[PDB]
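K.L.:
Sharing a structure here in structure tokens format.
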Amino acid sequence: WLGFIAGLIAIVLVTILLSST
Amino acid sequence: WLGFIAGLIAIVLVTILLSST
Amino acid sequence: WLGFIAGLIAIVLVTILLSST
């Protein structure tokens, strides 16, 4: 559960970084 | 429930990331 | 519970910023 929320929210956010560069 | 947390942390994280730029 | 998850995941992401930059 913890890893799911941490990895899910965190992975989507790093994706924001990649999209904006 | 969990999605609720995922959404609030996600919006705050994108804001701190931009603020730290 | 909520603050713990937000703060814990959020602090990890800030680590990504310092780790990348």
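Letters A, B, ... go to the chains of the structure tokens in the order shown; residues in each chain start at 1; ligands are counted from 1 in the same order.
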Identify all chain B residues at most 8 Å from chain C by counting only C-alpha atoms; ligands do not count. Present them as a list in words.

P.N.:
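Result, ordered by chain then number: residues 5, 9, 13 and 17 of chain B.
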
K.L.:
Could you give the RMSD, in Å, left over when chain B is least-squares superposed onto chain C across all Cα atoms paired sequentially?

P.N.:
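It is 0.9 Å.
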